Amino acid sequence: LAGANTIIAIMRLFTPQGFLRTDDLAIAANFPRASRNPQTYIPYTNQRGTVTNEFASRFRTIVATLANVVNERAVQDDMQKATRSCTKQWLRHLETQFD
Amino acid sequence: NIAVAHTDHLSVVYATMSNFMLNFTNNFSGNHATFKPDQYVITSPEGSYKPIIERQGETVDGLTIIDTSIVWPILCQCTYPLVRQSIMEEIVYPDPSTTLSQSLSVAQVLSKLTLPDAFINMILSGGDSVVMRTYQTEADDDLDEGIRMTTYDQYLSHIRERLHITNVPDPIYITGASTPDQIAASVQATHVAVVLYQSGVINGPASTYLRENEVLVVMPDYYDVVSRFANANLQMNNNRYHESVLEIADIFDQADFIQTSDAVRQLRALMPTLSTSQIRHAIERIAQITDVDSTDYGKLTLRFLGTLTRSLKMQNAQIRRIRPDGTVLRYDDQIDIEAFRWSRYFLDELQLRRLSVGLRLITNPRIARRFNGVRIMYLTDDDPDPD
Amino acid sequence: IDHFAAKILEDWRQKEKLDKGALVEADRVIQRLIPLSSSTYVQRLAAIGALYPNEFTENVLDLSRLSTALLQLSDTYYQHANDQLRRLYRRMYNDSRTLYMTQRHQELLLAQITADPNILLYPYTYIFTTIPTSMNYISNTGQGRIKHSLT
Amino acid sequence: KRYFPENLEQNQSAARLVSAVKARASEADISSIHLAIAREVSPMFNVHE
Amino acid sequence: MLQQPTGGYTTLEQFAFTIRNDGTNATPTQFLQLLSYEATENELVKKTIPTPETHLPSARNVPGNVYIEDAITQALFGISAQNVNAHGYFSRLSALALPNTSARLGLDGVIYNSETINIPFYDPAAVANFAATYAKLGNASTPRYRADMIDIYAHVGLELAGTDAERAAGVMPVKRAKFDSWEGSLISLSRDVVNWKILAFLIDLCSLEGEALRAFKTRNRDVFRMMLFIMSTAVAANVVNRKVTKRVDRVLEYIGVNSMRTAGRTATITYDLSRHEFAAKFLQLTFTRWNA
Ligand SMILES: Nc1ncnc2c1ncn2[C@@H]1O[C@H](COP(=O)(O)OP(=O)(O)OP(=O)(O)O)[C@@H](O)[C@H]1O
Ligand SMILES: [Mg+2]
């Protein structure tokens, strides 16, 4: 949307990192399934590289985006100015938890 | 009455303390209007940076709260060796040895403190990777052959920050108006072979260049990618590609940035898939194997410091100034000190020197005595040669 | 930045007076500073500063906020439609420690050396040829609405 | 728990942050955690809120 | 004593200069063939080199036999050398500068105070020629006599990267040198040069005259360029490698531009400030001899 880019860009953090998967085994087993073509969306896939994790890197760009968000936040109270920078540190620590 | 002592005595103590080993930063410039401390961080491409200065708010046993009231005792209820002169106190000229021996102890500790972490992260530096699809431009191409592609998201998460660390011009967008020679100029400017796609169909000579030269095109998304190329050959097709990993070592090749020796390549190939916790476990075991020597003052600083180090990723950690606005500046030859241009995996020059010899040792055929594969077969054992 | 700005202004006024061919008491032939170590922005000032761009003679820049204007000018020169001026500016930006001067300056340096053989002047220098530009901008800072007569 | 870097929980400026996080952080309970996992694949016959 | 041939000492097979490459002992020239250049927007324009000072530093009373060759080669291409100006034994070369001195420059690269048995040495006249210039390496450090460490490198570029046309013109584009390369190539090259008996090249560059000298300059141009290459890698701002279809091309940027950088790096041998003044003085002298 032409004027509200930052909103959409924040909204893209919510897009899933998994994949859509046909229920192959349930089809072969002839298990009941109301959908004409059965499938479920697995939230995440297996790590494929020896070191990098696509999921954790995703979260890294998410917390980076959010850190930019908190950074761009105007504040007037001094305490709010403080919790801004602390929020930034706590994000940067969540990143490592997630990793 | 106090001014004579503050000017003629305290000043040489500030002057002498300015030369001490560990007082490693500029404190001021004299301009209140403009002095902002230089703000280095230990950034890594695969993690958040640690600012060296932060409002971490820990009082360090009350070190960081500043009572201005302290000027009152100074002006009024304190005496000085110079002011007293009507008794003449002799001035004290303290031995170097006490602070030097301390400063050295600290330097000795914190020098080696990072070593096991440094070694492992030095090995794994080439191991970071991006998923990439290789579409085939022509018939009878091996699946490894063809134009190589990666999502913009992968270029952002890995390749771009490393371009910042390597301090090179940003790779050109290719609009399909682009000549192969322009792509060449870009790859020459940024030594990693990469070009962001922008828009429009890409002409065929450029495609043969992107194929022959193994340039990794950075497509924004994989939506009908064959529409993006002038597939005059008509061999390229959306269902016809081969996905695979691409290690950072398979793209970058800077020397003190990213270990890329065929030896370490091989050693990495032998490795099991790794989580960050497995790596931390490696580091802790390497640390436990070699209990580093330290002088008693060093054990004292160690226990004062004095615990975890594990919060910080050091995958390709570097030291870089951040702008106060919060962006991480590229290394600047005229501002930042030269020693920061590459953390050399935080190893000493001599360790790097020996390390090359050791890579010659590890890669040696004579010690490659773990054997893979076997052959079950039912023969007589008549004349036993192990060979 | 503010020092480099004032010096660039001084050398441009001086070179402008020299190019008109008037005899002038230049206290030093190249009035502008030579960064030895500086941030990027200073190197941009040094670059467009050494270009002696037509825009100053045309008063296209606003001198009230000089360095800003200078930074702005540099950007256009950084991506100039003229290949010559763009390659020239780029070159000056990558060799900021070198002093750049037109030939007509250099002869004055040689005269200054022939007069006092042991005079010290900056060792690292390059003699670029000035690139002509045909765009004769009208301009006038200062009050007064323009009363156009359209053709 | 691992919610806060040391020693940000102790920093005075962080109070308004720390309390906020503590307002959100439920204590762990396997029945609830497993339930959150299972709900992802179990069919929904009454619109969740 | 070794008699000097009609050509230089370099004509002897004893003094062959050959960097290791592709499993064989390559002559420097056939390594220089591997080099290729990416021209950039900048121009190198060579200024006239200032005449080296008349003064020859005193060779202070040293009882022992100074190993001059090893010192010069390590100040020039050493992987670990530093504070090359601190000892200041380069001045010792001056002891050879006198007529009829009892000092001898041995093939070992030692300066004996006295002629001694079973140690072959260069003809004292030619060595007096070589010392008559290169003793001035002894004042590479003294404030009155330091070389420019910025301008001289443009000459290096021309003598290394330059085409015959750019060379005759005296002005070439700044170039980014590159070559298909093996692991640790610059360190291996530089160590293969530290082993060179460069005093042979220097003594012939100083002693030979007339047409016989000129044939030296062509025959040994590539050697000079190899030393120049190790120096230019020592001052290059960065030495990237490029992946290209399972072949790696080492690339140093840039030839002919001293970056003054002094921080170490795995890729190439590094100059302390002292080695910058040393190499710059060495270049002033060596080019001053080279062009005549
Ligand atoms: N006027 C200029 N002169 C020389 N180099 C420039 C100039 N403008 C940009 N560059 C180079 O190109 C890059 C462009 O950076 P970018 O334009 O995003 O922000 P910037 O450096 O503040 O420039 P600008 O002020 O034009 O935004 C910089 O890293 C700089 O090295
Ligand atoms: Mg003045």
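Residues numbered from 1 in each chain as written, not as in the entry; some residues may be left out. Chains lettered and ligands numbered in written order. Part of a larger assembly, values for the part shown. Heavy atoms only, no water.

Determination of this PDB entry was carried out by cryo-EM to a resolution of 3.1000 Å, according to the record.

## Details of the overall build of chain D
When you go through chain D residue by residue, the secondary structure sums to two helices and zero strands. Across its three principal axes, chain D shows a C-alpha extent of roughly 50 × 20 × 15 Å. In chain D, which comprises 49 residues, the proportion classed as buried is 18%. Accessible surface, chain D: about 4,400 Å² in total, of which carbon and sulfur atoms supply 53%. (Helix = DSSP H or I, 4+ residues; strand = E, 2+ residues; numbered from the N terminus. Buried < 20%, exposed > 50% of the residue type's maximum accessible area, 1.4 Å probe, protein only. Areas by Shrake-Rupley, 256 points an atom, 1.4 Å probe, with all protein chains shown as cover.)

## Focus: the overall build of chain B
Along its length, chain B carries 11 helices and seven strands. A globule of 387 residues ought to have a C-alpha radius of gyration of about 21 Å, yet chain B, at 30 Å, is considerably larger. Its C-alpha atoms put chain B at 100 × 70 × 30 Å along the principal axes. Considering chain B as a whole, with its 387 residues, one finds that 34% of them fall into the buried category. (Rg over C-alpha atoms; globule rule 2.2 N^0.38 Å.)

## Considerations on the interface of chain E and chain B
Reports of interface size often rely on the accessible area that becomes lost once the parts have come together. Taken together, the contacts link 22 residues of chain E with 25 residues of chain B. Around 1,900 Å² of area is buried between chain E and chain B when both sides are counted, 47% of it from carbon and sulfur atoms. When the buried surface of chain E facing chain B is broken down by residue, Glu183(E), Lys243(E) and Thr266(E) rank first, second and third, together holding 30% of it. At the surface where chain E touches chain B, the tally comes to zero salt bridges. Here chain E and chain B share six residue pairs in polar contact between them. Of all elements in the fold, only β8 (238-243) and β9 (248-255) of chain E reach the threshold of two or more residues within the side of chain E that touches chain B. For the side of chain E that touches chain B, the element with the most residues is β8(E), which contributes six residues. Here the residues of the side of chain E that touches chain B are counted per class, giving eight nonpolar, five polar and nine charged. (Contact = heavy atoms within 4.5 Å. Buried area = accessible area lost by both parts, 1.4 Å probe. Salt bridge = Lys/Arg side-chain N within 4 Å of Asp/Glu carboxyl O. Polar contact = N/O pair within 3.5 Å; in protein donor to acceptor, adjacent residues only side chain to side chain. Nonpolar A, V, L, I, M, F, W, Y, C, P; charged D, E, K, R; others polar.)

## Thoughts on a negative patch on the surface
All names here are of chain B. A cluster of acidic side chains, namely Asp-381, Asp-382, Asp-383, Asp-385 and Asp-387, defines a negative patch on the protein surface. In this structure, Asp-383 sits in the segment after α11 (349-362). A relative accessible area of 53% means that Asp-383 is categorised as exposed. (Patch = residues over 30% accessible without salt bridge, like charges linked within 9 Å, V, L, I, M, F, W, Y side chains within 5 Å. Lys, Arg positive; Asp, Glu negative; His and termini not counted. Charge placed at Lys NZ, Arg CZ, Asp CG, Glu CD.)

## Details of the environment of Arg2(D)
Tracing the sequence through the fold places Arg2(D) in the segment before α1 (15-24). On the accessibility criterion, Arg2(D) (60% relative accessible area) is exposed. Those residues in contact with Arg2(D) that lie beyond four places of it in its chain are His93(A) and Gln97(A).

## Here's the deal with the sheet that holds strand β2 (residues 129-135) of chain B
Residue and element names in this part refer to chain B. Strand order in the open sheet made by the five strands is β4-β5-β3-β2-β6, with mixed pairing throughout. Looking along the sheet, the strands with just one partner apiece sit at the ends: β4 (194-196) and β6 (241-247). Recorded for the sheet is a direction-independent mean angle of 35° between the axes of neighbouring strands. Relative to strand β5 (residues 216-219), strand β3 (residues 147-151) is paired through four bridges, and the arrangement is parallel. The residue bridging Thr-150 from the neighbouring strand is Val-218, located in β5. The strands touched by helix α5 (residues 152-166) within the sheet are β2, β3, β4 and β5, with β3 carrying the most contacts at an inclination of about 80°. (Pairing = 2+ DSSP bridges. Axes fitted to C-alpha atoms, helices over the stretch in contact; angles between N-to-C directions.)

## Comments concerning the packing of helix α7 (residues 185-194) of chain E against helix α10 (residues 221-235) of chain E
All names here are of chain E. Contact geometry of α7 with α10 gives a least axis separation of 10 Å together with a crossing angle of 130°. Overall, the two elements α7 and α10 adopt an arrangement that is oblique. Taken as a pair, α7 and α10 cross one another with a handedness that is left-handed. Two secondary-structure elements touch here, α7 through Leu-186, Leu-189, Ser-190 and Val-193 and α10 through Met-227, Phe-229, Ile-230 and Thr-233. Its residues assigned to classes, the contact of α7 with α10 shows six nonpolar, two polar and no charged. (Parallel < 35°, antiparallel > 145°, perpendicular 65-115°, else oblique. Left-handed = near helix turned anticlockwise from the far one by under 90°.)

## Quick notes on the site of ligand 1
Residue and element names in this part refer to chain C. Around ligand 1 sit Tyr-41, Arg-44, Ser-74, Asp-75, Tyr-78, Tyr-89 and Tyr-93, and those are all the residues in its vicinity. Residue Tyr-78 places a side-chain N or O atom 3.2 Å away from an oxygen atom belonging to ligand 1. Against a free-state accessible area of 570 Å², the protein chains account for coverage of 52% of ligand 1. Those elements that place two or more of their residues in the shell around ligand 1 are α2 (40-51), α4 (66-78) and α5 (83-94). Ranked by the residues each element gives to the shell around ligand 1, the list is headed by α4, at three residues. Here the residues of the shell around ligand 1 sort into four nonpolar, one polar and two charged. (Near = heavy atom within 4 Å.)

## Considering the environment of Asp253(B)
Locating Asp253(B) in the fold gives a position in the loop between β6 and α8 (262-270). Taking the relative accessible area as the measure of exposure, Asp253(B) reaches 7% and is therefore buried. As a C-alpha pair, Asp253(B) and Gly127(B) span 126 residues in sequence and 12 Å in three-dimensional space. Look past the residues within four positions of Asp253(B) in its chain and what remains in contact with it is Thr260(B), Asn241(E), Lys243(E) and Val248(E). There is a polar contact of 2.6 Å between the side chain of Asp253(B) and the side chain of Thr260(B).

## Side note on a nonpolar patch on the surface
All names here are of chain B. On the surface, a cluster of nonpolar side chains totalling about 500 Å² of accessible area is made up of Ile-70, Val-71, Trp-72, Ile-74 and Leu-75. Residue position: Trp-72 is located in helix α2 (residues 71-75). For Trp-72, a relative accessible area of 56% gives the class exposed.

## Some words on the sheet that holds strand β3 (residues 36-45) of chain E
Residue and element names in this part refer to chain E. With antiparallel pairing, four strands are arranged side by side in an open sheet as β3-β7-β9-β8. Looking along the sheet, the strands with just one partner apiece sit at the ends: β3 and β8. Strand-to-strand twist across the sheet, computed as the mean angle between neighbouring axes with direction ignored, equals 25°.

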